[PDB]
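One structure is given below, encoded as C-alpha coordinates.
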Amino acid sequence: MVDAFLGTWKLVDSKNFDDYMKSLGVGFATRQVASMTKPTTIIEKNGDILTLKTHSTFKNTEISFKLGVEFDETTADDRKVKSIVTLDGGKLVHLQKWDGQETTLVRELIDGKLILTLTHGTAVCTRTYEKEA
Ligand SMILES: CCCCCCCC/C=C/CCCCCCCC(=O)O
(Lines give C-alpha, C1' and ligand atoms only; values in the text may rest on other atoms or scores of the structure.)
Protein backbone atom coordinates (compact mmCIF):
# COMPACT_ATOMS: atom_id res chain seq x y z
CA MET A 1 0.00 0.00 0.00
CA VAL A 2 3.02 2.31 0.62
CA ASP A 3 5.21 0.72 -2.09
CA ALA A 4 5.29 3.54 -4.67
CA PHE A 5 6.75 5.81 -1.94
CA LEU A 6 9.76 3.56 -1.35
CA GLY A 7 13.19 4.54 -2.55
CA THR A 8 15.61 7.45 -2.66
CA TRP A 9 14.26 10.91 -3.42
CA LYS A 10 16.04 14.18 -4.07
CA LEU A 11 14.68 17.68 -3.54
CA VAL A 12 14.09 19.52 -6.83
CA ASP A 13 11.68 22.36 -5.86
CA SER A 14 10.65 24.16 -2.67
CA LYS A 15 7.93 26.72 -2.01
CA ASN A 16 7.35 28.53 1.30
CA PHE A 17 9.77 26.47 3.40
CA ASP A 18 10.98 29.63 5.12
CA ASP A 19 7.38 30.45 6.09
CA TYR A 20 6.94 26.95 7.52
CA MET A 21 10.21 27.04 9.47
CA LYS A 22 9.49 30.54 10.78
CA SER A 23 6.04 29.42 11.97
CA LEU A 24 7.75 26.65 13.95
CA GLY A 25 10.14 29.18 15.57
CA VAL A 26 13.27 28.10 13.69
CA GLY A 27 15.96 30.80 13.99
CA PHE A 28 17.05 32.92 11.09
CA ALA A 29 20.51 31.35 10.65
CA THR A 30 19.09 27.85 10.50
CA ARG A 31 16.42 29.01 8.05
CA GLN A 32 19.08 30.62 5.95
CA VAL A 33 21.16 27.36 5.62
CA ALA A 34 18.04 25.23 5.20
CA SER A 35 16.83 27.40 2.32
CA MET A 36 19.94 26.36 0.32
CA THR A 37 20.00 22.59 1.30
CA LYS A 38 18.63 19.93 -0.97
CA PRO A 39 17.98 16.89 1.17
CA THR A 40 17.79 13.29 0.12
CA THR A 41 14.86 11.36 1.61
CA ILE A 42 15.14 7.56 1.72
CA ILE A 43 12.02 5.52 2.50
CA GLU A 44 12.48 1.77 3.11
CA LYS A 45 10.23 -0.94 4.52
CA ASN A 46 10.90 -4.19 6.30
CA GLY A 47 7.59 -5.88 6.93
CA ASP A 48 5.34 -3.48 8.78
CA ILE A 49 8.22 -1.16 9.75
CA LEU A 50 9.02 1.89 7.64
CA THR A 51 12.26 3.80 8.01
CA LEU A 52 12.46 7.36 6.67
CA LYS A 53 15.90 8.94 6.47
CA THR A 54 16.49 12.59 5.59
CA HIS A 55 20.10 13.39 4.70
CA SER A 56 21.77 16.69 3.91
CA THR A 57 24.90 18.74 4.29
CA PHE A 58 23.31 20.49 7.27
CA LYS A 59 21.27 18.08 9.36
CA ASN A 60 20.31 14.43 9.17
CA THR A 61 17.32 12.63 10.67
CA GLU A 62 15.98 9.09 10.79
CA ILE A 63 12.66 7.73 12.05
CA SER A 64 11.23 4.22 12.12
CA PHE A 65 7.54 3.55 12.61
CA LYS A 66 4.62 1.23 11.93
CA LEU A 67 1.71 2.80 10.06
CA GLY A 68 -1.07 3.70 12.45
CA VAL A 69 1.00 3.35 15.64
CA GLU A 70 2.13 6.43 17.57
CA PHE A 71 5.87 6.95 18.08
CA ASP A 72 8.08 9.49 19.79
CA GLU A 73 10.10 11.69 17.44
CA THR A 74 12.72 14.41 17.87
CA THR A 75 12.55 16.60 14.81
CA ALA A 76 15.35 18.30 12.85
CA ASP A 77 14.58 21.54 14.79
CA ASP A 78 14.68 19.63 18.14
CA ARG A 79 10.94 19.48 18.88
CA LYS A 80 10.00 16.42 20.94
CA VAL A 81 6.72 15.34 19.40
CA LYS A 82 4.17 12.52 19.38
CA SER A 83 3.86 11.26 15.81
CA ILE A 84 1.69 8.96 13.75
CA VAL A 85 1.88 8.13 10.04
CA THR A 86 -1.02 6.73 8.09
CA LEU A 87 -2.16 6.18 4.50
CA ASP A 88 -5.16 8.39 3.71
CA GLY A 89 -6.47 8.71 0.17
CA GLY A 90 -3.25 7.13 -1.05
CA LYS A 91 -1.20 9.85 0.67
CA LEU A 92 1.31 9.22 3.47
CA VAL A 93 0.08 11.55 6.26
CA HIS A 94 2.49 12.25 9.14
CA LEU A 95 0.94 14.15 12.06
CA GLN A 96 3.16 15.59 14.84
CA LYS A 97 1.73 16.82 18.17
CA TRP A 98 3.54 18.74 20.91
CA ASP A 99 2.53 21.43 23.44
CA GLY A 100 -1.02 21.31 22.04
CA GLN A 101 0.37 22.29 18.59
CA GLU A 102 0.18 20.20 15.46
CA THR A 103 1.88 20.02 12.11
CA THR A 104 1.23 17.73 9.17
CA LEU A 105 3.70 16.38 6.62
CA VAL A 106 1.68 14.94 3.72
CA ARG A 107 3.36 13.02 0.89
CA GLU A 108 1.68 12.18 -2.39
CA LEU A 109 2.82 10.91 -5.75
CA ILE A 110 1.94 13.04 -8.79
CA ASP A 111 3.31 12.01 -12.22
CA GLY A 112 6.06 9.98 -10.50
CA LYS A 113 7.25 12.90 -8.31
CA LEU A 114 6.78 12.98 -4.59
CA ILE A 115 5.04 16.09 -3.34
CA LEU A 116 5.55 16.90 0.38
CA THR A 117 3.11 19.44 1.84
CA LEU A 118 4.08 20.83 5.25
CA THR A 119 1.41 22.76 7.21
CA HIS A 120 1.81 24.55 10.56
CA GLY A 121 -0.34 27.45 11.65
CA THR A 122 -1.35 29.15 8.44
CA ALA A 123 1.94 28.32 6.67
CA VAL A 124 1.79 25.83 3.80
CA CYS A 125 5.03 24.65 2.18
CA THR A 126 5.27 22.42 -0.87
CA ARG A 127 8.46 20.51 -1.65
CA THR A 128 8.94 18.33 -4.67
CA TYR A 129 11.21 15.31 -4.77
CA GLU A 130 12.34 13.22 -7.78
CA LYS A 131 13.27 9.57 -7.52
CA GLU A 132 16.98 8.51 -7.72
CA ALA A 133 17.64 5.30 -9.76
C1 LIG B 1 17.08 16.65 7.81
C2 LIG B 1 17.15 17.75 6.79
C3 LIG B 1 17.01 19.03 7.47
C4 LIG B 1 16.76 20.21 6.59
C5 LIG B 1 16.87 21.59 7.50
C6 LIG B 1 15.78 21.82 8.43
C7 LIG B 1 15.97 22.88 9.43
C8 LIG B 1 15.26 22.85 10.66
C9 LIG B 1 13.81 22.88 10.23
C10 LIG B 1 12.94 22.10 10.81
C11 LIG B 1 11.50 22.07 10.69
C12 LIG B 1 10.98 20.75 10.22
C13 LIG B 1 11.30 20.41 8.77
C14 LIG B 1 10.83 19.08 8.27
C15 LIG B 1 11.13 18.82 6.80
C16 LIG B 1 12.57 18.71 6.52
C17 LIG B 1 12.90 18.87 5.08
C18 LIG B 1 12.17 17.84 4.11
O19 LIG B 1 12.03 16.72 4.52
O20 LIG B 1 12.17 18.20 2.88
Side-chain angles (χ1 to χ4, degrees), residues 2-133:
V2 66
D3 303 276
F5 292 98
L6 303 179
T8 297
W9 298 94
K10 285 181 121 67
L11 185 76
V12 300
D13 189 77
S14 185
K15 299 180 173 77
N16 297 345
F17 192 45
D18 183 72
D19 289 340
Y20 178 75
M21 291 187 286
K22 189 181 181 195
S23 187
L24 291 171
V26 177
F28 75 92
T30 294
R31 298 197 319 271
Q32 185 192 121
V33 177
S35 73
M36 293 296 285
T37 66
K38 301 184 185 180
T40 298
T41 303
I42 306 165
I43 310 179
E44 291 173 285
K45 74 189 192 175
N46 183 347
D48 299 336
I49 304 306
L50 288 160
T51 299
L52 191 156
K53 300 177 176 187
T54 311
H55 292 168
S56 77
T57 56
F58 181 31
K59 291 181 189 310
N60 297 303
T61 56
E62 179 174 317
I63 61 175
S64 293
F65 54 89
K66 183 169 174 146
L67 295 170
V69 179
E70 187 175 71
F71 59 104
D72 285 304
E73 175 181 10
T74 302
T75 65
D77 58 317
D78 309 303
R79 288 174 286 116
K80 293 181 178 187
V81 307
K82 300 279 163 187
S83 289
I84 192 166
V85 182
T86 316
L87 281 162
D88 181 348
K91 304 192 183 193
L92 197 63
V93 176
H94 179 178
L95 173 62
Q96 298 175 335
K97 296 168 187 176
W98 72 107
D99 299 328
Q101 296 191 237
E102 296 191 352
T103 185
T104 57
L105 308 87
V106 176
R107 291 178 173 91
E108 68 189 282
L109 298 161
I110 305 179
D111 295 328
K113 300 190 199 317
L114 186 161
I115 312 311
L116 171 63
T117 302
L118 302 171
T119 304
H120 176 255
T122 59
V124 184
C125 161
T126 308
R127 285 166 69 86
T128 304
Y129 277 89
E130 285 169 14
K131 205 169 169 301
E132 187 193 85

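For ligands, and for the atoms within them, numbers begin at 1 and follow the listed sequence. Note that these values count all heavy atoms, side chains included, but never hydrogens, waters or copies made by symmetry. FYI, the numbering just counts along the sequence from 1.
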Problem set entry | Check: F58 main-chain N/O paired with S56 side-chain donor or acceptor under 3.5 Å | yes
Problem set entry | Donor-acceptor contact below 3.5 Å, side chain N16 vs main chain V124 | yes
Checking a contact table here: which protein heavy atom is nearest [atom], and how many Å away?
atom: atom 11 (C) of ligand 1; result: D77 OD1, 3.4 Å
atom: atom 3 (C) of ligand 1; result: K59 CB, 4.0 Å
atom: atom 6 (C) of ligand 1; result: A34 CB, 4.1 Å
atom: atom 16 (C) of ligand 1; result: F17 CZ, 4.1 Å
atom: atom 18 (C) of ligand 1; result: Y129 OH, 3.4 Å
atom: atom 14 (C) of ligand 1; result: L105 CD2, 4.4 Å

Problem set entry | Heavy-atom proximity to atom 12 (C) of ligand 1, best of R127, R79, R31 | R79
Does any donor atom in the side chain of [X] or [Y] lie under 3.5 Å from an acceptor atom in the other side chain?
X: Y129; Y: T40; value: no
X: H94; Y: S83; value: yes
X: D77; Y: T75; value: yes
X: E102; Y: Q96; value: no

Seminar exercise, completed: Quick look: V33 vs ligand 1, heavy-atom contacts under 4.0 Å, and the answer is neither
Exercise. Using heavy atoms and a threshold below 4.0 Å, how should the contact between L24 and ligand 1 be classified: side chain, backbone, both, or neither?
Worked result: side chain
For this session: Pull out every atom of ligand 1 sitting under 4.0 Å from any heavy atom of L116, numbered as shown with elements.
Result: 18 (C), 19 (O), 20 (O)
Exercise. How far apart are the C-alpha atoms of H55 and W9, what are their side-chain angles, what is the distance that settles it, and do they pass the ring pair (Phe, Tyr, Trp, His ring centres under 6.0 Å) test?
Worked result: CA-CA 10 Å; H55 292 168; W9 298 94; over 10 Å; no
Exercise. Are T75 and ligand 1 in contact, using a heavy-atom cut-off of under 4.0 Å?
Worked result: no
Problem set entry | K131 atom NZ, over 12 foreign heavy atoms within 6.0 Å | yes
